[PDB]
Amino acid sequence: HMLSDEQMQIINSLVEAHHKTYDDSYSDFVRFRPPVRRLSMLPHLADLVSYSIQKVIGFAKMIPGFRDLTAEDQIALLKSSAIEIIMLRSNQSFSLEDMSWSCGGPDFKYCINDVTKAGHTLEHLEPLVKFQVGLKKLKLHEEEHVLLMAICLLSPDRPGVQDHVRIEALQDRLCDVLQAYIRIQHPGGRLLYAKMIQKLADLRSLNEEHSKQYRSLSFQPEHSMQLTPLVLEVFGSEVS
């Protein structure tokens, strides 16, 4: 009926890690190649995603137990979940009023259409928006949102993972924290945890669908040239 001293320490860390790596002002967006509204949004969005990947890496490094993993496993986990963590973290900018990520003014307000001018069809963009709406409607506590990102990241079932025993242990340790936080600190959340886990399944599907659209982009040199080195490397299929 009460969160342990160890469970609250890992929460403090995760919540701080997210504050260190997520800017609510989105002031760094001016440093990206400007948005343009064929495939005009690709450069801006490629920079946005590249920037976010660096942020996700910074966050990951502060996840309790992550640094204790092999460089290989760390990479296998980041490469496989990077896009999912990005999709999760963006919910914080997503707005239900307009069904779009609002990062400031007309420039950094991203609607579903903008992403279609970056090489993605509604065949994939539909589920993503639906996902954001369902995720926003959950009205997650910051503690839960953050815990969800870290649990996503430490998923055992990822291509390339070697020590899927330690990873699952770290993830289980995290799930316990989450299930306990909700039970204790979040009224009416008796059903919440289960809904959050279902969202992880959704992310797998969104991930699969993104990697397919991205594969076409990465295979067209005229488009791939618009990406960044980090994006190409992280979303690339090179094997370590």
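When you see a residue number, it is the position in the sequence shown, counting from 1.
From residue 67 on to residue 68, does the model leave out none, 1 to 3, 4 to 9, or 10 or more residues of the deposited sequence?
None; the chain is continuous from residue 67 to residue 68.
Would you determine, from the values in the PDB entry, which of 86-94 and 154-162 has the greater average C-alpha temperature factor?
Looking at the recorded C-alpha B-factors, 154-162 comes out higher on average.
Where do the C-alpha atoms have the higher mean temperature factor in this entry, in 169-177 or in 40-48?
It is 169-177.
Taking the Cα B-factors listed in the entry, which of 76, 112, 118, 146 comes out highest?
Largest recorded C-alpha B-factor: 112.
If you compare 183, 55, 61, 31, which has the highest Cα B-factor in the entry?
Across 183, 55, 61, 31, the entry lists the biggest C-alpha B-factor for 183.
Using only modelled residues of the chain, where does the Cα B factor of residue 81 rank: lowest third, middle third or highest third?
For residue 81, the deposited C-alpha B-factor lands in the lowest third.
Pull the Cα B-factor of residue 233 out of the PDB entry and bin it into the chain's lowest, middle or highest third.
Lowest third - that is where residue 233 ends up once the chain's C-alpha B-factors are sorted.
Could you place residue 207 in the lowest, middle or highest third of its chain by Cα temperature factor, using the values in the record?
Residue 207: CA B-factor falls in the lowest third of its chain.
Based on the entry's values, in what third of the chain does the Cα temperature factor of residue 11 lie: lowest, middle or highest?
It falls in the middle third of the chain.
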